[PDB]
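First up is the structure itself, then whatever we jot down about it.
Rule-based calculations on the coordinates, nothing more; no lab input. As a convention, Cβ positions derive from the backbone with ideal geometry for all residues, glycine included, and neighbour counts pool all protein chains shown.
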Amino acid sequence: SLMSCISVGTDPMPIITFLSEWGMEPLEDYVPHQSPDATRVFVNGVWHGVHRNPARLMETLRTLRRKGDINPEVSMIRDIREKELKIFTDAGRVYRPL
Amino acid sequence: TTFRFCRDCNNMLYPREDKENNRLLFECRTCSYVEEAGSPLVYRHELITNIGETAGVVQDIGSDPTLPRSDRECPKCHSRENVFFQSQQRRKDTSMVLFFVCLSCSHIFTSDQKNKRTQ
Amino acid sequence: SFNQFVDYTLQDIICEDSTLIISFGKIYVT
Amino acid sequence: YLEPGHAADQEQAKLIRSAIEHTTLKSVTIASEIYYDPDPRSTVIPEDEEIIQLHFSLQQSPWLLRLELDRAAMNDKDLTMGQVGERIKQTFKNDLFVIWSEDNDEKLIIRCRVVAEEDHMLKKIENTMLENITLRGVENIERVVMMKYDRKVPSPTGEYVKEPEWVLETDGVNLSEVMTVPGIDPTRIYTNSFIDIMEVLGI
Amino acid sequence: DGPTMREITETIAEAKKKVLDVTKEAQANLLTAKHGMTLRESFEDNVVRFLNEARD
Amino acid sequence: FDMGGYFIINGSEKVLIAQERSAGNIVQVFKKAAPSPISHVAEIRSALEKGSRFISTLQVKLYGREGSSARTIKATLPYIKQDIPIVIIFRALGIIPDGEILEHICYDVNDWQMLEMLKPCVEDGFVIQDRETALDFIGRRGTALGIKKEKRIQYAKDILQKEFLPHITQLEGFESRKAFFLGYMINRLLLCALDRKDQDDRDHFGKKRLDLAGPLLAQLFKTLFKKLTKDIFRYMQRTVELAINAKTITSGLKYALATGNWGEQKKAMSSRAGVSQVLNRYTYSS
Amino acid sequence: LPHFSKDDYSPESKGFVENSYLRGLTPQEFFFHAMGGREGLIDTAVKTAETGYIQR
Amino acid sequence: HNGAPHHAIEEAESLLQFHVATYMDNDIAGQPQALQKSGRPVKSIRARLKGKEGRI
Amino acid sequence: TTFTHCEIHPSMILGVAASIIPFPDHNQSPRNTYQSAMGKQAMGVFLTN
Amino acid sequence: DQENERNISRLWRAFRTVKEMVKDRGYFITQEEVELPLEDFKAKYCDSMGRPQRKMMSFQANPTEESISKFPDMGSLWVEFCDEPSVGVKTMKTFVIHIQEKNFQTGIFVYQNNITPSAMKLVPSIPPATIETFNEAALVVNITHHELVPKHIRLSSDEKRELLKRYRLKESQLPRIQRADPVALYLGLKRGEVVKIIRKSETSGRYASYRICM
DNA sequence: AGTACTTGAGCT
RNA sequence: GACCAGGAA
DNA sequence: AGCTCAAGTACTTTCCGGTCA
Ligand SMILES: [Zn+2]
Ligand SMILES: [Zn+2]
């Protein structure tokens, strides 16, 4: 289409860094039967950990990209029902603006 | 069902009959742990399943913009603020009953006029 | 897409494997 | 096609529908369960107490297999526990001891016990039950529909006239079998499996 | 022409209602499946059929 | 008015036509239809974002059909001939007792429904009860053999470390992460098997990525530079005492955007073709 | 379509095109019409090939 | 005819058998495809005949 | 009430070729699919050089 | 009581068809003999408890007058019903000698469940006599009475030689019916035998056709 | 492009 | 001329 | 070891720019 563009491809780490720095328990130290509702956080299909207040994490992320702090071409989705937080940074994603 | 593991092994427990006293035991097969059972129910199939009907009702359900609204007032907090979905059991036979969730009280009710639930 | 390949990717490929027993450092594009 | 006589008799058509449409024990079953009930004469499950006090009065496993049947499904397929049981009863003959609640009773239940190691035996018996036990119907005949087709036919006075009949439409084929069913018309029976026709009826 | 137009719009309109109903009906679990069809398979049959009656 | 975005190879203007492909590192569950011993499968096509790009697929299967018993769960591992009962994999990763293994797979201890369908898996792996004997059981299944008790065991490590779930980490101390993920796959598997979640739409545009001229060239230069990397490795072995062939990398690219057969070089079938093509100039919009 | 709320079994959501060609399609109507149309072109180009081999 | 190393013989045996095979058919099931230096596989006589284009 | 985003303009679901078809929202769906292929066989000024 | 009589009606629906078949082969069976009522059938072949006596159902058959014209060498026929579900070389061996001693030309065993491969061996063992096995369950409906199943007619050698002549044909060129063909089995077709098939035509009204036996 | 037959290999 | 690739009633 | 199968294979219209000895 006319507004369609494609992800050039960026880097995860400034997110991964930022993410754990904003309340992400690493998978190393997960124990589900203890926090069994933790929204589990993904980045480029890599499971990194979990977050107990995903609603407010989401805010921080969404504000980061909208402010330009996280790259406008990065893709972040909260699937509340399923309790997951998927993030993509990789090249190849077709996107539009709204 | 509701089954447990052996303290010591944390391995799964398999039923064994205490023939002499007429009782069911669960025993470990990695050590000698044994316990009297909790219930006579050992195995359960369930072919017409109602479990998964209302999956993922996290406390954030209200913050899903995709989900639709209604002003059908709650059974509890008589609130005309709620979000609703159909049975999240992705089976074929499945009815188009709706499931409502109170934005204030968070209690789950339905549009059923055949049956009376609490989930 | 191309831009990014030149600016970044091209460097990356030159030295992700590379070095022998001879190493490859920075790359220059005319 | 219906027997020449009962051509408009719908209850005849319903009768055959139910005589050939496949029904399995699985299709009426809510859940199976395996209980440890050590004494045959008395049951841990309280609701089942009635069922024993009767189907006993007016040696066998302590491991119980329990079946709950869906009331609704039991009528869409037009079924009584009695006939359901008798099937099971006759599937395993003399090595499964069987009891059931009445169509009366508030829950639809079937109790089953065999005749070291017994609880895995049962779990096998439960799949023989659910998978390969038939209640009504001829195998392969999955849905069956009634349709009132218009049929042109000579009136007693000469003229051809719309003189419609009930007709059975099948999802699935078993020619050799549904052909020898009573109450149908064997001389008009048809299928889109000409492969099948070739095999029964000649080339 | 004008009237035939308006009159079409209501022909559609009423069948939109016909559907809304069978929908509500199937949402309250009042609706009964036809022989061989899902509760759902049955529902859609009415809807699709209502909307084609409409168009026609 | 020229908008550019093309190449000029030997005079004629070439366009690189964007290539569509399934995204990788993505978890998808599918029902394997009627005639199969398998009933549902959880795949992930996993690869390094760049760096030799491992095209190892992790398949995780649910044997037994919706009618059988012994609905067991095995998974095909890279470089390993047989499918392995998941439990063994867990123990091969250090997660040893039942239920510590179950805890990775099911985060609710009231989902008796999901748990039941794990009981058989447990019985399956029951026969191997510690890490090293699960490593051996894995290593016995080559490849071949490697016929040596100590060798097949240090083989298995190697696979779990490098070939299995190769994103996440190819380094070392991350059995935790890899085991937890394998669980997440098994969860996502039993989920669809329980009519709870839906089978993945293989046509969802979201799980597709489009390779443009950038990524396209990168795949090529990568292949080409590593051809030259090991040309040098020979004029260095020759000199048992600066002639590094500059033509490879020029005339390599040339060949591709020339023919549109995207593969080094003249030995290029299968390769992909019509990746590049002469630019239409009939009409400006055209 | 992401312009709709969930579990929308209405005619508008599932691709009933209310409008005449004279009045012109809404963007939703347009896209669904498109979806349907593409299915046409495919099984045209299909029934072509299949028809051919059959004839041969 | 020379000093036959009795395996280097069955070496060239196999090799002859191969060319005389792939001269008539080159698209054989059992792997490799006798290919021209260039990559382009050689044109078996069989290949000239299998039709819709092709002799018959 | 739950809106998150707005479409900038529906007409941008369209591609280049299609964006030349006038009133395409008044056409049988494939009549568009043709012209959005035929216009690529038309004639005119392709570049000013 | 139960579901007993339905296996009786079946056995009678089958008996009839056999009677029909035998007649159609060109044997002497009165029409009424075919049309035996279920009522009659019961009381004649049923014991002390009204349970079907198949041993007594068996019967011999003779060619019609006309049949002896067209096929002079058509012998007499025996049709035996066994009372045992499975049928073994035990009962089979006796049956076979019955036919070799009374010099029947053809003999037809109607069996309930199966005939043991043991017994199955005794079948071609007494030429020139030919022996046919028929599953009782098959013979319940007479397939030849179906809508779609047109008149098949066995041709005499003389009849055939003429067909071949008048159309200048090698047997190769004739359309063929398989030997195991349901109608071929009904008519007791042996390989080489030709049937003439008369069907109705939406184009000509009636239409001649021939198939030869494989 | 879905079905054909036919090859192939793995499991009990 | 092989071969590959792309586009038409 | 053999014997069963599922999963493997190849095969099924008229017109009008590049690289290969
Ligand atoms: Zn223990
Ligand atoms: Zn409320």
Sequence-distant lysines (8 or more away, or on other chains) whose Cα lies within less than 25 Å of B:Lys19: D:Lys123, D:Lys124, F:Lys119
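Could you work out the relative contact order of segment A:9-90, using alpha carbon pairs under 8 angstrom and six or more residues apart, expressed as a whole percent?
On the way: 112 pairs, mean separation 27.5, N = 82.
It rounds to 34 percent for segment A:9-90.
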Note, D:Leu201: beta-carbon cut-off 15 Å, +1 each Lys/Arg, -1 each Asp/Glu, net -2
Space enclosed by the convex hull of the alpha-carbon atoms of chain B, per residue, Å³: 186
I need the calculated FRET efficiency for the pair F:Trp112 and A:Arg62, taking r as the beta carbon distance and R₀ as 45 Å, to the nearest 0.05. 0.75
Could you bin all the Cα-Cα distances of chain F into 5 Å bins starting at 0 and give me the percent of pairs in each, rounded to whole numbers? 1, 5, 10, 12, 13, 12, 11, 9, 8, 7, 6, 4, 2, 1, 0
Separation between the J:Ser125 and G:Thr51 pseudo-spin-labels, each 7 Å from Cα along Cα→Cβ, expressed in nm? 6.4
Simple spin-label estimate for E:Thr32/D:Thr191, 7 Å along Cα→Cβ, in nm, reads 3.3
How much FRET efficiency would the formula 1/(1 + (r/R0)^6) give for D:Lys162 and H:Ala47, where r is the Cβ-Cβ distance and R0 is 60 Å, rounded to 0.05? 0.40
Within a 10 angstrom radius of each residue's Cβ in A:26-32, how many Cβ atoms of other chains show up on average? Whole number is fine. 5
Give the distance, in whole Å, between the Cα centre of segment G:3-56 and the Cα centre of segment A:25-77. 39
J:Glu65 versus F:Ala258: modelled label distance in nm, points set 7 Å from Cα along the beta carbon direction: 10.0
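Summing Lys, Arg as +1 and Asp, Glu as -1, what charge do residues with Cβ under 12 Å from the Cβ of F:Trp112 carry, F:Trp112 excluded? Numbers along the way, then the final one.
Working: positive: B:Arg4, B:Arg44, F:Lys119; negative: B:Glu46, F:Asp108, F:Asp111, F:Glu116.
In short, -1.
Please compare each pair in F:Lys178/F:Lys207; D:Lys162/J:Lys151; J:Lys70/J:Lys196; E:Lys17/G:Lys14; F:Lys157/F:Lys222 to a cut-off of 19 Å on the Cα-Cα distance and tell me which ones are over it.
Details: F:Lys178/F:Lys207 22 Å; D:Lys162/J:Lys151 30 Å; J:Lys70/J:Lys196 15 Å; E:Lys17/G:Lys14 15 Å; F:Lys157/F:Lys222 29 Å.
F:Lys178/F:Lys207; D:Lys162/J:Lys151; F:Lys157/F:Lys222, as the Cα separations exceed 19 Å there.
Using the count of nearby Cβ atoms within 10 Å as a rough guide to exposure, how do F:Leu77, J:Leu148, J:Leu163 rank from fewest to most? Walk me through the numbers before you get to the answer.
Details: F:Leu77 24, J:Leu148 14, J:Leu163 17.
Lowest to highest Cβ neighbour count: J:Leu148, J:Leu163, F:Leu77.
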Charge context of H:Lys50, other residues only, Cβ under 14 angstrom, K/R +1, D/E -1: +2
Just for the Cα atoms in segment J:142-214, what are the lengths along the principal axes, largest first, rounded to whole Å? 32, 30, 18
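Can you give me the relative contact order of segment B:1-45 as a percent, contacts being Cα pairs under 8 Å and 6 or more apart?
Working: 64 pairs, mean separation 14.7, N = 45.
Dividing the mean separation by the residue count of segment B:1-45 yields 33 percent.
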Which of the GluC sites (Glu not before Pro) found in segment F:36-121 are in a DSSP loop and have at most 16 neighbouring Cβ atoms, other than their own, within 10 Å? F:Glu49, F:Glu66
Take the Cα of B:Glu35, step 7 Å along the line toward its Cβ, and report every residue of segment B:1-21 whose backbone nitrogen sits under 19 Å from that point. B:1-18
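Rounded to the nearest 0.05, what FRET efficiency do D:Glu49 and B:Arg91 give with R0 = 41 Å and r taken as the Cβ-Cβ distance? Could you check? Mind showing how you got there, number by number?
Details: r = 34 Å, r/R0 = 0.84.
Calculated transfer efficiency: 0.75.
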